[PDB]
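Following: one structure in C-alpha cells, then a few remarks.
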Amino acid sequence: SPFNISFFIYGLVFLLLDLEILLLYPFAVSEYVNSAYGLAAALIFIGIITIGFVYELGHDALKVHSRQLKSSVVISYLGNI
Amino acid sequence: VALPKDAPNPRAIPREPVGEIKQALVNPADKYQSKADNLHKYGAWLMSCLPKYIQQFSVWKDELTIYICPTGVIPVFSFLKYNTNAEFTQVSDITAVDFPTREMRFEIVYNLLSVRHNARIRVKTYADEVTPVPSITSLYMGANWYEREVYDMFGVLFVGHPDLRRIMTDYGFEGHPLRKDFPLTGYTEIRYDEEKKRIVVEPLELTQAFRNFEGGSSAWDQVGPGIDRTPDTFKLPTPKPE
Amino acid sequence: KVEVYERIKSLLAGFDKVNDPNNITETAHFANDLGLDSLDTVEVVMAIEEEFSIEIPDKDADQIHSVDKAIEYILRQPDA
Amino acid sequence: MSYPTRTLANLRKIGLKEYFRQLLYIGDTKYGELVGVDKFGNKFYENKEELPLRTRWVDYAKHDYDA
Amino acid sequence: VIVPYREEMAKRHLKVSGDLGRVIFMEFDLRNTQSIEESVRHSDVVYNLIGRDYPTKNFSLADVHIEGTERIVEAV
Amino acid sequence: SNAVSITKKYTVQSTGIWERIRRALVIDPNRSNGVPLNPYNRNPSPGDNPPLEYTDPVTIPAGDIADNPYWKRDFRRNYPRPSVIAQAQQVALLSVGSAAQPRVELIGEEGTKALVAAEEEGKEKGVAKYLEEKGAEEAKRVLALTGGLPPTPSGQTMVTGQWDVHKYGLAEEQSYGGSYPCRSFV
Amino acid sequence: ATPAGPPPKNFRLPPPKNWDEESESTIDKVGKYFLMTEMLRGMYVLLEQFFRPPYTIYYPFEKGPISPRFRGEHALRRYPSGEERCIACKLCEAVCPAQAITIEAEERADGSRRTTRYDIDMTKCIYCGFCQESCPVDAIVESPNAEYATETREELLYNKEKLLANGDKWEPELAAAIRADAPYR
Amino acid sequence: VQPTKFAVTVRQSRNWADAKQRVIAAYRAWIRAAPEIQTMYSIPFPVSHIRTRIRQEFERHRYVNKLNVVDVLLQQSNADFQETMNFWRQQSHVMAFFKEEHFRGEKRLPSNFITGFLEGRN
Amino acid sequence: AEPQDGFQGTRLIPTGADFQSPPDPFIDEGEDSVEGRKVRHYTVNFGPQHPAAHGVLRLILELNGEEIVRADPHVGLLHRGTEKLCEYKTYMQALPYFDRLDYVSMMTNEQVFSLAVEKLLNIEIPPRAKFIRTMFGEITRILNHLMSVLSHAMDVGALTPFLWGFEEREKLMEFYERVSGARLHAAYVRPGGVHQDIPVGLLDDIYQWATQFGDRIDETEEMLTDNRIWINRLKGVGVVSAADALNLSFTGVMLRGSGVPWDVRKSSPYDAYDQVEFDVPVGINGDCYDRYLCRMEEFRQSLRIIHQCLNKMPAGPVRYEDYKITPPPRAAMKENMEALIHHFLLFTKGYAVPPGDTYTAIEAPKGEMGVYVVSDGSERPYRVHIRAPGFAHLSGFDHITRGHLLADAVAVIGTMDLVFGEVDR
Amino acid sequence: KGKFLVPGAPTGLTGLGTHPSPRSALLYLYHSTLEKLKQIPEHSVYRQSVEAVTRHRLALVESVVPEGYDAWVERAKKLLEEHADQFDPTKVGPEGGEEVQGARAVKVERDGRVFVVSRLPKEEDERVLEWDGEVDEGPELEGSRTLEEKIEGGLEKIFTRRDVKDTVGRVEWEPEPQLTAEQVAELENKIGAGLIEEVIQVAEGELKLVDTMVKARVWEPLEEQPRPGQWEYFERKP
Amino acid sequence: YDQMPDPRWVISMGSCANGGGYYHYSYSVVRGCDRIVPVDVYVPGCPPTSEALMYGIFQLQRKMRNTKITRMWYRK
Ligand SMILES: *P(=O)(O)OCC(C)(C)[C@H](O)C(=O)NCCC(=O)NCCSC(=O)CCCCCCCCCCCCC
Ligand code: SF4
Ligand code: SF4
Ligand code: SF4
C-alpha cells in the first residue's frame, strides 16, 4: 500500500531544524567574545532559518488542516402568467 | 465516626401506620377505546389510499397492523415514509415469524415509528422458501442489518438488498435456526482435535439429551375466546324491527 | 499462429473427459465433435486461460465453443 | 492505606512483633476487639471506627490461609 | 484412558481429547510400584510408550527400558 | 447556590484542625468524599431485620374474604380480541355506513336483503373497483369520514387526558445554561 | 423531528456568534490557553482524592456485604429430626430455566416418597433461585457460599451425596437466611 | 461490489437463459479461484481435488427445473464465494467442506445391508 | 399463485431500483496523467483477538492511509441463540434470558419483557410495583452510564474517572443484591410486578447514597467536560445529522445528540414515569461531545427521578394479586388448597398468555429497546424477537465513519453504547 | 439585526441549516406536487388526500407575503420579457450555464405558475480562491495533436464560453424579498408541522412520493388476494 | 491461547465457559471451553462474584506455589 508523505516531512523538517540548532550551540558557549557583533550574525542566521519555518507553517507540510449550510439554490415566485 | 450535624439517622424516624389498603380493579384495555375509532379510521384511509396492495388492517389495543401483498412492499413503505399524514421515517424493527401450517410459511413483520406524529405502525407481508421480498434498503438505511438477520435466521431473500449475507451464524453454517423445523441444538458441534491441531466440526452428540416438557401443557384451554372491542363506527348497521 | 495449437493439444489431450484422443482438429467443437457437456467446456476454457496467463471475460468465454475459436481469441489478446 | 496516626496508635496497642506478623499476612495494621473463635481456629475481630466494610475481619489459624 | 504422569503442566493438553470423566490422570514414578499397578488394575489394554534416547542422572537406558518394562509388565 | 451543605450529606466528616484545613484547601468544601457512615448505612444488616415486623400486604377488593368473585376481576380472560377489517368490510362500511352512523334507513325487511347486498358486493369488487364505479364523489366521501382532511396517526401519551404527541418544550432551567451545546427539554 | 403542532418556543437557536462578538476578554482567553487553567484544576482534584480514604478492603481477610437473599452454592436440607426435606415433587426440575437438575425417585424402604438421584450440573446452573422459589418444603436452597472454585469440571457435577453434605455443613446459615427473608417470600 | 469486496446485489433471474449464464458464471468464478483457495487456507489437497468438489456441488443441483429455486441456490453460491475469497472463513470451515477429513472417514454410511447390520446401523 | 408461479419465473417483483426518480435538475444542488492513477487500500482486521475498545468485535476496515474507506463490523461472536431458546421456555423461564442481553442494564432489560407480557396478559400491575420498577430503572440507567461513559473515557486514555465511578457501581450493586440475591442478573422485574418486596431498610440506604451522588457526578465533570484534550478528542467526531439518525434507526442518545427531542419515557409513558418530573438532555451538533454532555446530564435527571420515587413510594403489594399469574406468598402456599394448586401449576406448566402479538418499547439506557412477542395461547411464547438499540447503532458505523480518520474510530465505538450481548443476542 | 434569519445558520436539528428562500421553495414544491398529481384519476383517495393537505398548506404559504413583494414582482416580471434568452432552460441548461464564477438564473414553469431558480458563487475566502473560482479542466493540449483529441478537450468551448467580466448583453437578476424572522415563525405556527425547514423537507418527500404512486398505480384493484388461512393466527373461536 | 508463552494457565470463569451454562442447548454455543483449551481452574457462578473470581485466582496461585520445577527435573 502507499505510505504517508507526512512521515518523510517529519523527518525532513526535524533533520534540517536539528542542523540549525546544532549551528547555534557554539554561540551559546562563546557569547562573551562574540558580544554585539557575533550576536548580529546569529540573529541574521536565526532570521533566515525562521523564514523557512514560516514556509513550513504556511504551507502545512505536516497537514495541519488535514481533518475538516450555505445553499446554492434560491427560488423566486413570480405568480400566474 | 464523625457524623454530619444535619444528617440524622433516616431509620430512626417512625413511619405513619398503614391500615386497610384499597385498590380498584382496572381493566387495562379500557383506556385504549378512546383512540380505537381513530386507529380504525387511519387504517381504513390507508386501505382506501393503497387498495391495490393493502389486504386488511387490524387494531388490537393501540397497535395498528397493516397486511399487504409482497409486491407492494416498496410502494407501501414509500407512502408511510413520505406522506404528509404518514411520516413513519424510522424502522424500529424488521423480523420474521414461521408458520409451517401456512403455504407462505414466513410472516415478515415491520415496525415503524413516526416521531412527528408520536405514532407507531406495523406492516405484515409474507414470504416462502423460494419467494423473495423487496428490500426496503433504498428507503431506510437502518433496514440493512435487520434484513440480513431475517435472511440469516429464516432464509428469506430480499431482492435489491446489497450484501445479503449471514450476520449471526458462523461462517459456513448450514440451516436457518429460527425455522420451527430446525432443532434447538442444531445438527453439529465443534471441538479441538489434537491430531489435526485445529478445530473440527462433528455430528452433534449431547452427554445429556434435551428434555422437552412441552407435554405438560394444560389439558384444558386456560385463556378463552376473549372480548370483541370493534368500535361502532366500524360495525355494520342492523335492520330495525318491523 | 501455430505455436498456440501445439499448446492447445498439451491440455485437451491431457483432459480426462475427452471421448477419444486424436479427435482434435484445427476447427473441432467441444460439444458436437469432442463430446463435452456444459461445465466440462467451462473447465477447458479455464485451462486455456491458465496456459496463456490471460483472464477471459465470461461473455468472451461463452463465445468460445471450438478449438479454432480459442486459437483466434488468444491471438487478439495482447498477453500470452 | 493506613495513615500515620492510625498506624502509630495500632502499633502502641499491639506491639512490634504483632505488628510485623500482621504485616506478613493482611498487610495492614489492624486492632480491634475479639468477637470469637471458630472451630478451625480462625479469630474474628470487630472495630466500628474503621472504614465501611473493614469493621469486621478474620485472623486465619493457618499460614496458607484460604477463604 | 488412564494417563500416568510425572509433570502436571506437561500432561494438560491430553484432557481436551475426551468427554468428562474419560481422561484420568495418575501421579506415578516408574520406581513406585504402587503407582504403576494402581494405574493398571482396572484396564483391559495397557500401552507402554516409555522410552528415552539418552541416559540421565536418575535413569540409565537399562533403568528406564529394561527395569521400566519389567515393573509394568509384571503389573499387567 | 448549587451545592448542598456537607453537614447534610451522609458521609464521614472531618473534625477539628483537619476540617479547617479541608475547608481552606479543597475546591469545594461542600463536596463529600463518598465514604458512608457505619452507624447509619446498612445498619442493621438486612439479615437482622426482625421478621415479625414486615407484613405482606393484601388489597381488600382483590384480597377480601366476602365480596370478591374471581370472574369480576378476571381481566386476563377479558382480553380484547384484535379487530380485523378486510377490503370487503370497508366496501360494506362505505356502501351502507356503520352501526354508529348508517347510510340509509335499512328498516326490517327489504333492508336485511339490502344489507347483505352490500356484503356480497364488497366481496366481489374491492375498495378500488367500488370507488372507480362511484367516482370522485366517493373519494371525497372517504375523506369526509375524517372531516375533509385525511386523518392523523394517534398519539401514544395520554398525560393531557387524550392520546396525542408529547409537547416537548425547552425547560425553564437549562442545566448547562448556554455555555455548552446541550439543551434541557421538559 | 419535532412533534406535530407549532414549533416549540425558542427551539430555533440564535445565529452563531463571531469571534468579534464573544463576551470574554483577550487576557483571560490568552491566559487559559497558555496556562492550561482547566487542566490544572483537574490535577488539583486528584490531590484532593489523594488525601481521601481509599475504598479498598483487604480480601480474604475482609469480605464485601451480602444479603439473606444471596444466591450461591446449592444445598439439600433436613427437618430438625434429620429426615430429608425433599419429597421428589420435581417442581425444581420442571421450573429450572437451564435444565440443570435431574431427579429420579421411588418409594423408600419405609414407603416414603424420596429421591434416588438428585443431581445439579453447576456448569449448567444460572444461579437464579427458581428451584428455591418453587420448592414447597424448603428442601433446595442456595447457600451464601461463593468460594468453591474447583480444579476439574467433574467436581462441579453435584449428586445427592454432595448436596446433602452441603446442607449439613451450612444449615445454620441456611436457617438464618430463611429466617430473615421468609416474611417476604 | 460497493458494500464489500465480493458483494452481489440480490436479483431475480429474468428467464432460463438468464439463469444459465449466472450458473456458468458462478461455476467459472469458483473453479478459477481454486488455486487461490488452496494457498489461502493451506489446504492439503491439489487444486484438481478441489475443483472436482466444485463440480459435484454444482451437479447436486443440475436437475433443478424451477427458476425460483435457482435464484436461491445462486444467492447461496455468491454468499459462500464472498466469505471464502474474503478471508472470513477459517481453515476449519473450509476443511470441514472436504468430507475426507473426518476421523470416521468419508464413507460414513454402510456400503450395503450386511455391513451396516454387522456393525449396528453403520 | 406463488411459489409455482416462480417455477417458470413470471412477473418479477418490483425493487427499490424500479422507483428511482431523477432529481429535479433546476433545484438540484448536488495519457499518463497522475489523476487517473488508482490508490490501493489495505484492509485491516481489528478484533476480537487483537485488543479493541470493548467486547467480541471483529471490525474489518478498508483504509486509505489514515482514512476509513469502508467499515465492516462482523458480529455473532456472542450470538447464543437466545431467541430460539425462549420458544422452549415458559414466560417465567424466559425472563432470566433478558438479564443477559444488555448485561449492564439488567432490570430495564427484564422490564421491557415484563411490560410486553403484561400487555398480552391484560393486567394492571400494583402501584408499588410501578414505583419500584421506575426507581430501579433509573438506578440501572446510572449503572449503565457509569459503565458506558467511564469506559469510553478510559478507552481514550482517561484512567481515573473509571476508578472513581466504579465504586459508585459497587454501591448501587449492593441495592440489586439486597432486593434479589445477585450483583448483576437479578431476575427481579417479572410480569405482574417484581419478585419480592424491598427489605424494610432499603429506601433510607438509597437515600443516603443519593445525598452524595451529585458530588460524584461533579467530580467526573471536573476531569472531562472542560478538558481541552477531552474536547479535542470528541468535538466534531462521529457527526450524524438529525435526518440520517432517524433513517439509520438511531434511538436514545444517538438520536437526541443530533437535536431531535425524543424520549420513550415521555412519548409513550410506562410504569411510573408519568408520575415523575425530569428533563430530557438534547444536543445540537450530533457529535461525540454532545452525546457525552447528554449522558452526563442524564446522570442528574436519573438521580432526580430516584429522589421522587423515594418520596412517592406507596404501600401495597408488589406482585399483581391473581395467583393464576403471580406465585402466591409461601405462607399461603403451605396453608390453603387453592394457593398450593396455583403454586404447583405456575412452576410446572406456567400461566397461559392470551393469543396475539405486541411490539413493546422502552427507553433503555442505550436507547429504544423493544421486544416483539407472539403468543399462541399456551404457556410458552411462539416467538420472541428482541430489538436491541446497539444493533441499529453498530449497523450505522460505516455511515458515520466513512471518509474520517482511523484515530476517531475508538471515539464513536464508545459513543455508541455497545454491549454485544445486545447486538448478537 | 435579527430581522432576517441567516441562510445556512444551524436550526437546532443537526445537518438542517436555515433555508435561503423558504417561502418560494414551498410554493415551488406544492405547485410541482399538484401538477404531478394531475396524471392520477379522480377516484383515487391518495390523490384526493394529497390535494387536500397541499392546497390547504399552499393557501397558508400564500397568506404570508414578504414586505415589498408587489414592488419586486413588477420589475421581475418586466425583466423576464426583455431578457428571456438569459433565463430559458432550453438555451443555458437547467443549471443556468457552465460559468460558476458568475450568477445563473433559469425561468421554470410549474402548475401554471412561473419560478426563477438562481445560483450564486459560494462565498469563499479570497486568500484561497484561484482565478475567482473558475473550474480547472487541466491544461490545454499543446504539441502535435490529432483533431479528435482536440474536440475531446473542449476546444469548441472557446467559441461559446464567456468571460466572467463580460456582461454587455445580459442583466443582473434581483432576488425576491425575504420573509422576516417574525414572519417565518408566525407562518410555521400556522402550518403547525415544525420548523419551516422541516416543512420543506416534508414537501420534498411528498413531491418524490407521487412518482412512485403513479408508477405503482396504487389506486387499482387489489393485486393479490390473500389465500385461505394466510392471516390466521391462534385465535380461539368466539 | 497458542500465542501465550509458557508458563501459562487457563481459568474458566462462569457457567457458560464451564459447561455451556444457560445456552448449553444452543446450536451456536460451545458446551464448555475445555472442549477447546485445557483449563486449570473452574470458577462457578453465573456470574461468579468478584470475590468468587478472586478465590479462584488464589487457588491458581496456591497451585503455582505447590508447583515443583527444579525438583521435578531432579526426580527425573
Ligand atoms: P451442463 O449442461 O453440464 O450443466 C449446466 C447446468 C448446470 C445449468 C445444468 O444443465 C442445469 O440445467 N441446471 C439447472 C439449474 C442449475 O444450474 N442450478 C443452479 C445450481 S448453482 C450451485 O449449485 C451453486 C453451488 C456452489 C458450490 C461451490 C462449492 C462449495 C463452496 C466451497 C468451496 C470449497 C471450499 C473453499
Ligand atoms: S428439592 Fe423441593 S422442589 Fe425439588 S423435588 Fe425436592 S421437594 Fe420437590
Ligand atoms: S438456580 Fe436456577 S438454574 Fe440453577 S438449579 Fe436452581 S432453577 Fe436451575
Ligand atoms: S454471567 Fe452467566 S450468562 Fe453472563 S457470561 Fe457469566 S455465566 Fe454466561
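Chain labels run A, B, ... following the order of the C-alpha cells; each chain numbers its residues from 1, and ligands are numbered from 1 in the order shown.
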Item to check | Shell of 8 Å around ligand 1 (only C-alpha atoms and all ligand atoms), written as a VMD selection string | outcome: (chain C and resid 37 to 40) or (chain H and resid 19 to 21 23 to 24 26 to 27 30 34 37 50 53 to 55 57 to 67 69 to 71 73 to 74 76 to 78 80 to 81 84 94 to 95 97 to 98)
Restricting the output to N, CA and C atoms, write the selected residues as a short mmCIF file (atom, residue, chain, number, x, y, z; two decimals), in the first residue's frame.
```cif
data_model
loop_
_atom_site.label_atom_id
_atom_site.label_comp_id
_atom_site.auth_asym_id
_atom_site.auth_seq_id
_atom_site.Cartn_x
_atom_site.Cartn_y
_atom_site.Cartn_z
N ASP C 37 -19.92 -31.79 -22.31
CA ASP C 37 -21.16 -31.17 -21.88
C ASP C 37 -20.89 -29.72 -21.50
N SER C 38 -21.80 -29.07 -20.76
CA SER C 38 -21.62 -27.62 -20.48
C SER C 38 -20.41 -27.32 -19.58
N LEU C 39 -20.39 -27.81 -18.34
CA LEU C 39 -19.32 -27.49 -17.36
C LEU C 39 -17.94 -28.01 -17.80
N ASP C 40 -17.87 -29.16 -18.46
CA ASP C 40 -16.55 -29.65 -18.96
C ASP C 40 -15.99 -28.59 -19.90
N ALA H 19 -30.73 -17.31 -16.16
CA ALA H 19 -30.27 -18.14 -15.05
C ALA H 19 -29.05 -18.97 -15.44
N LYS H 20 -29.06 -19.55 -16.65
CA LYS H 20 -27.95 -20.41 -17.06
C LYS H 20 -26.64 -19.64 -17.12
N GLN H 21 -26.68 -18.39 -17.60
CA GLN H 21 -25.48 -17.58 -17.63
C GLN H 21 -24.90 -17.39 -16.24
N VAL H 23 -25.32 -19.31 -13.62
CA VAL H 23 -24.83 -20.58 -13.10
C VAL H 23 -23.44 -20.88 -13.66
N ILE H 24 -23.28 -20.69 -14.97
CA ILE H 24 -21.96 -20.87 -15.59
C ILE H 24 -20.99 -19.80 -15.10
N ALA H 26 -21.11 -18.41 -12.14
CA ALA H 26 -20.78 -18.81 -10.78
C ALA H 26 -19.77 -19.96 -10.76
N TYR H 27 -19.96 -20.95 -11.63
CA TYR H 27 -19.01 -22.06 -11.69
C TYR H 27 -17.63 -21.57 -12.11
N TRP H 30 -15.79 -19.98 -9.35
CA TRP H 30 -15.40 -20.95 -8.33
C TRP H 30 -14.15 -21.73 -8.73
N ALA H 34 -9.92 -21.70 -7.37
CA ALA H 34 -9.41 -22.87 -6.67
C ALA H 34 -7.92 -22.81 -6.37
N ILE H 37 -7.67 -20.49 -3.38
CA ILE H 37 -8.27 -21.10 -2.20
C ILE H 37 -7.29 -22.04 -1.52
N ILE H 50 -9.74 -30.09 -5.52
CA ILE H 50 -10.66 -29.03 -5.01
C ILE H 50 -11.66 -28.74 -6.10
N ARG H 53 -14.59 -31.16 -6.30
CA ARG H 53 -15.63 -30.87 -5.32
C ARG H 53 -16.55 -29.75 -5.81
N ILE H 54 -15.99 -28.77 -6.51
CA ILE H 54 -16.81 -27.68 -7.04
C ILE H 54 -17.84 -28.21 -8.02
N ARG H 55 -17.42 -29.11 -8.92
CA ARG H 55 -18.33 -29.64 -9.93
C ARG H 55 -19.43 -30.48 -9.29
N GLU H 57 -20.70 -30.19 -6.29
CA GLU H 57 -21.64 -29.26 -5.67
C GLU H 57 -22.60 -28.69 -6.70
N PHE H 58 -22.10 -28.37 -7.89
CA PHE H 58 -22.97 -27.90 -8.96
C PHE H 58 -23.79 -29.02 -9.58
N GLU H 59 -23.36 -30.27 -9.43
CA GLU H 59 -24.08 -31.40 -10.00
C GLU H 59 -25.19 -31.92 -9.10
N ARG H 60 -25.12 -31.66 -7.80
CA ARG H 60 -26.25 -31.99 -6.93
C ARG H 60 -27.50 -31.24 -7.35
N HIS H 61 -27.34 -30.07 -7.97
CA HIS H 61 -28.47 -29.22 -8.36
C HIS H 61 -28.60 -29.09 -9.87
N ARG H 62 -28.03 -30.04 -10.62
CA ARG H 62 -28.11 -29.99 -12.08
C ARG H 62 -29.53 -30.22 -12.58
N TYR H 63 -30.32 -30.98 -11.84
CA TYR H 63 -31.65 -31.39 -12.29
C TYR H 63 -32.75 -30.43 -11.87
N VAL H 64 -32.42 -29.30 -11.25
CA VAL H 64 -33.43 -28.33 -10.85
C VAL H 64 -34.06 -27.70 -12.08
N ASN H 65 -35.42 -27.72 -12.08
CA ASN H 65 -36.21 -27.19 -13.22
C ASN H 65 -37.11 -26.05 -12.76
N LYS H 66 -36.78 -25.41 -11.63
CA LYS H 66 -37.60 -24.35 -11.07
C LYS H 66 -36.76 -23.08 -10.95
N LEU H 67 -37.27 -21.99 -11.52
CA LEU H 67 -36.48 -20.76 -11.62
C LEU H 67 -36.26 -20.12 -10.25
N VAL H 69 -36.07 -21.59 -7.35
CA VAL H 69 -35.11 -22.38 -6.60
C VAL H 69 -33.69 -22.08 -7.06
N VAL H 70 -33.51 -21.83 -8.36
CA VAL H 70 -32.19 -21.49 -8.88
C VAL H 70 -31.70 -20.18 -8.28
N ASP H 71 -32.58 -19.18 -8.22
CA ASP H 71 -32.23 -17.90 -7.61
C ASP H 71 -31.75 -18.08 -6.17
N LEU H 73 -30.32 -20.89 -4.93
CA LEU H 73 -29.01 -21.54 -4.99
C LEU H 73 -27.94 -20.57 -5.47
N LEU H 74 -28.27 -19.68 -6.41
CA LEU H 74 -27.31 -18.69 -6.87
C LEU H 74 -26.92 -17.73 -5.75
N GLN H 76 -26.98 -18.38 -2.52
CA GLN H 76 -26.12 -19.12 -1.62
C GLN H 76 -24.70 -19.21 -2.16
N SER H 77 -24.55 -19.47 -3.46
CA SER H 77 -23.22 -19.60 -4.05
C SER H 77 -22.44 -18.30 -3.94
N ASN H 78 -23.09 -17.17 -4.20
CA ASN H 78 -22.42 -15.88 -4.07
C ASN H 78 -22.01 -15.62 -2.63
N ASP H 80 -21.37 -17.89 -0.24
CA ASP H 80 -20.23 -18.75 0.06
C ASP H 80 -18.97 -18.26 -0.64
N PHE H 81 -19.10 -17.80 -1.88
CA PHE H 81 -17.93 -17.32 -2.61
C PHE H 81 -17.32 -16.10 -1.95
N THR H 84 -15.50 -16.88 1.28
CA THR H 84 -14.27 -17.61 1.02
C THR H 84 -13.16 -16.71 0.47
N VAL H 94 -13.39 -24.32 5.84
CA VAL H 94 -13.13 -24.86 4.51
C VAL H 94 -12.73 -26.33 4.59
N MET H 95 -11.95 -26.70 5.61
CA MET H 95 -11.52 -28.09 5.73
C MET H 95 -12.70 -29.00 6.02
N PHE H 97 -15.49 -28.72 4.75
CA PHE H 97 -16.18 -28.96 3.49
C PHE H 97 -15.66 -30.20 2.78
N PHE H 98 -14.41 -30.59 3.01
CA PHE H 98 -13.85 -31.80 2.42
C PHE H 98 -14.18 -32.96 3.35
#
```
Determine, for each residue of stretch 56-77 of chain F having at least one atom at most 7 Å from an atom of stretch 310-320 of chain I, the closest pair of atoms and their separation in Å to one decimal, counting only C-alpha atoms; order by chain and ascending number, as CSV.
```
residue,atom,partner,partner_atom,distance
F:57,CA,I:316,CA,5.4
F:58,CA,I:317,CA,6.4
F:59,CA,I:316,CA,6.8
```
Next on the checklist: Could you list the protein, DNA and RNA residues that have any atom within 12 Å of ligand 2, counting only C-alpha atoms and all ligand atoms, and write them as a ChimeraX atom specification?
Outcome noted: /G:74-78,84-96,100-106,113-120,129-142,160,163-164,167 /I:343-344,347-348
Next on the checklist: List the spatial neighbours of residue C:78 as JSON, numbers by chain - criterion: any atom at most 12 Å away, only C-alpha atoms, same-chain residues fewer than 2 positions off excluded.
Outcome noted: {"C": [52, 53, 54, 55, 73, 74, 75, 76, 80]}
Item to check | Contact set, chain G to chain J: 9 Å, only C-alpha atoms, as a PyMOL selection string | outcome: chain G and resi 1-8+11-16
Restricted to N, CA and C atoms, what would the selected residues look like written as a PDB file, in the first residue's frame?
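What landed in again_35.pdb:
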```pdb
ATOM      1  N   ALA G   1     -39.025  15.207  13.366  1.00  0.00           N
ATOM      2  CA  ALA G   1     -38.097  15.506  14.449  1.00  0.00           C
ATOM      3  C   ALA G   1     -38.807  16.205  15.602  1.00  0.00           C
ATOM      4  N   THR G   2     -39.392  17.361  15.329  1.00  0.00           N
ATOM      5  CA  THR G   2     -40.212  17.992  16.347  1.00  0.00           C
ATOM      6  C   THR G   2     -41.619  17.417  16.322  1.00  0.00           C
ATOM      7  N   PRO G   3     -42.324  17.459  17.448  1.00  0.00           N
ATOM      8  CA  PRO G   3     -43.698  16.947  17.470  1.00  0.00           C
ATOM      9  C   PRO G   3     -44.637  17.814  16.645  1.00  0.00           C
ATOM     10  N   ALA G   4     -45.715  17.192  16.178  1.00  0.00           N
ATOM     11  CA  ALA G   4     -46.692  17.895  15.360  1.00  0.00           C
ATOM     12  C   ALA G   4     -47.363  19.003  16.162  1.00  0.00           C
ATOM     13  N   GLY G   5     -47.710  20.078  15.464  1.00  0.00           N
ATOM     14  CA  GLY G   5     -48.136  21.296  16.101  1.00  0.00           C
ATOM     15  C   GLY G   5     -47.127  22.388  15.828  1.00  0.00           C
ATOM     16  N   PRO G   6     -47.286  23.548  16.462  1.00  0.00           N
ATOM     17  CA  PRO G   6     -46.364  24.637  16.197  1.00  0.00           C
ATOM     18  C   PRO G   6     -44.992  24.393  16.800  1.00  0.00           C
ATOM     19  N   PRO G   7     -43.943  24.947  16.199  1.00  0.00           N
ATOM     20  CA  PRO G   7     -42.585  24.700  16.692  1.00  0.00           C
ATOM     21  C   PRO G   7     -42.461  25.079  18.154  1.00  0.00           C
ATOM     22  N   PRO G   8     -41.743  24.284  18.944  1.00  0.00           N
ATOM     23  CA  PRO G   8     -41.564  24.627  20.359  1.00  0.00           C
ATOM     24  C   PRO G   8     -40.933  26.001  20.505  1.00  0.00           C
ATOM     25  N   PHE G  11     -37.221  26.971  19.964  1.00  0.00           N
ATOM     26  CA  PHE G  11     -36.495  25.782  19.532  1.00  0.00           C
ATOM     27  C   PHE G  11     -35.358  26.158  18.594  1.00  0.00           C
ATOM     28  N   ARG G  12     -35.620  27.082  17.674  1.00  0.00           N
ATOM     29  CA  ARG G  12     -34.590  27.560  16.766  1.00  0.00           C
ATOM     30  C   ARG G  12     -33.501  28.283  17.547  1.00  0.00           C
ATOM     31  N   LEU G  13     -32.260  27.835  17.381  1.00  0.00           N
ATOM     32  CA  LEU G  13     -31.140  28.510  18.014  1.00  0.00           C
ATOM     33  C   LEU G  13     -30.886  29.876  17.380  1.00  0.00           C
ATOM     34  N   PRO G  14     -30.389  30.832  18.166  1.00  0.00           N
ATOM     35  CA  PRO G  14     -29.987  32.111  17.592  1.00  0.00           C
ATOM     36  C   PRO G  14     -28.768  31.929  16.707  1.00  0.00           C
ATOM     37  N   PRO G  15     -28.489  32.875  15.815  1.00  0.00           N
ATOM     38  CA  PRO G  15     -27.394  32.688  14.853  1.00  0.00           C
ATOM     39  C   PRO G  15     -26.052  32.610  15.559  1.00  0.00           C
ATOM     40  N   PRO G  16     -25.066  31.954  14.951  1.00  0.00           N
ATOM     41  CA  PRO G  16     -23.757  31.828  15.599  1.00  0.00           C
ATOM     42  C   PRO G  16     -23.116  33.188  15.825  1.00  0.00           C
TER      43      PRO G  16
END
```
Checklist entry - Given a cut-off of 7 Å, what residues near ligand 4 show up using only C-alpha atoms and all ligand atoms, put as number ranges by chain? => result G: 126; I: 100; K: 14-17, 21-22, 45-47
Output N, CA, C and O atoms for every residue in that selection, as a tab-separated table (two decimals), in the first residue's frame.
```tsv
chain	number	residue	atom	x	y	z
G	126	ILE	N	-27.70	-21.34	36.38
G	126	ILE	CA	-27.55	-19.89	36.14
G	126	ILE	C	-27.77	-19.17	37.48
G	126	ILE	O	-27.76	-17.96	37.47
I	100	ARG	N	-29.33	-11.15	30.49
I	100	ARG	CA	-28.08	-11.41	29.77
I	100	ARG	C	-28.03	-10.82	28.36
I	100	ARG	O	-27.10	-11.16	27.68
K	14	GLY	N	-17.25	-18.78	35.10
K	14	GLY	CA	-18.67	-18.73	34.73
K	14	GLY	C	-19.24	-20.00	34.18
K	14	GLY	O	-18.56	-20.64	33.38
K	15	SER	N	-20.53	-20.19	34.33
K	15	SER	CA	-21.23	-21.42	33.89
K	15	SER	C	-21.09	-21.63	32.38
K	15	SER	O	-20.81	-22.74	32.00
K	16	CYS	N	-21.18	-20.58	31.59
K	16	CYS	CA	-21.07	-20.66	30.12
K	16	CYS	C	-19.70	-21.14	29.71
K	16	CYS	O	-19.65	-22.11	28.97
K	17	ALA	N	-18.66	-20.51	30.23
K	17	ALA	CA	-17.33	-21.00	29.93
K	17	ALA	C	-17.11	-22.41	30.47
K	17	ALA	O	-16.36	-23.19	29.88
K	21	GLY	N	-23.66	-23.46	30.24
K	21	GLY	CA	-24.44	-22.54	31.05
K	21	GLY	C	-25.90	-22.50	30.64
K	21	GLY	O	-26.54	-23.54	30.48
K	22	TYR	N	-26.50	-21.35	30.45
K	22	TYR	CA	-27.91	-21.15	30.05
K	22	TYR	C	-28.10	-21.47	28.56
K	22	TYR	O	-29.20	-21.54	28.10
K	45	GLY	N	-20.63	-20.00	39.21
K	45	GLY	CA	-21.46	-18.82	39.33
K	45	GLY	C	-21.85	-18.28	37.97
K	45	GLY	O	-21.13	-18.56	37.04
K	46	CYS	N	-23.01	-17.66	37.81
K	46	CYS	CA	-23.49	-17.01	36.56
K	46	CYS	C	-24.14	-15.65	36.85
K	46	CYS	O	-25.34	-15.58	36.85
K	47	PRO	N	-23.42	-14.58	37.15
K	47	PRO	CA	-21.92	-14.59	37.23
K	47	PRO	C	-21.25	-14.89	38.58
K	47	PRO	O	-21.83	-14.60	39.56
```
Checklist entry - Could you pull the residues within 7 Å of stretch 91-98 of chain I, counting only C-alpha atoms, minus those fewer than 6 positions along the same chain, as number ranges by chain? => result G: 95, 97; I: 82, 109-110, 187, 379-381
